[PDB]
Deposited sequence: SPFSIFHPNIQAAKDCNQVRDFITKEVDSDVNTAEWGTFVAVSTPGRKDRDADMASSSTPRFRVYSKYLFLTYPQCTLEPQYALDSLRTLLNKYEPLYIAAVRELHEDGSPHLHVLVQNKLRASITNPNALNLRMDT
């Protein structure tokens, strides 16, 4: 529906490598992927406190590139280093997004709606 607000599941990513593999798992992920930055080689009430975020926007028609661009700005204070946003389909064929964000600084997310996004149509 027009001008829907999209709320993500926000998690601190436990293993960025596994998350990136997981969100690029589909054979056609290449044309459904937006990327920015350089991948960080990581060394091994609501609150998330991490440099590494794994976001899932269910039932979400946002273009990966525009989700990425807007998350870069919403997370700007934490100095994003790498973002990958990928569209996949639910079983019923409707789209959703997954995003991996790697920041320089640890983000303290206490508002669960902080990464909500509205689509411009």
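Residues of the deposited sequence with no modelled C-alpha atom fall in a single range, 45-60.
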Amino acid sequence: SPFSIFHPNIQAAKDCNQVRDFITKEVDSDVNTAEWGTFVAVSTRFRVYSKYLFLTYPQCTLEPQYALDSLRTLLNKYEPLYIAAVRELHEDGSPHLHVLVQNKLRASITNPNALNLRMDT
From here on, numbers count along this sequence of modelled residues.
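Of the two segments, 87-95 and 62-70, the one listed with the higher mean B-factor is 87-95 (C-alpha atoms only). When the C-alpha B-factors of 104-112 and 6-14 are averaged, 104-112 comes out higher. Comparing the listed residues 57, 52, 46, 39, the entry records the largest Cα B-factor for 46.
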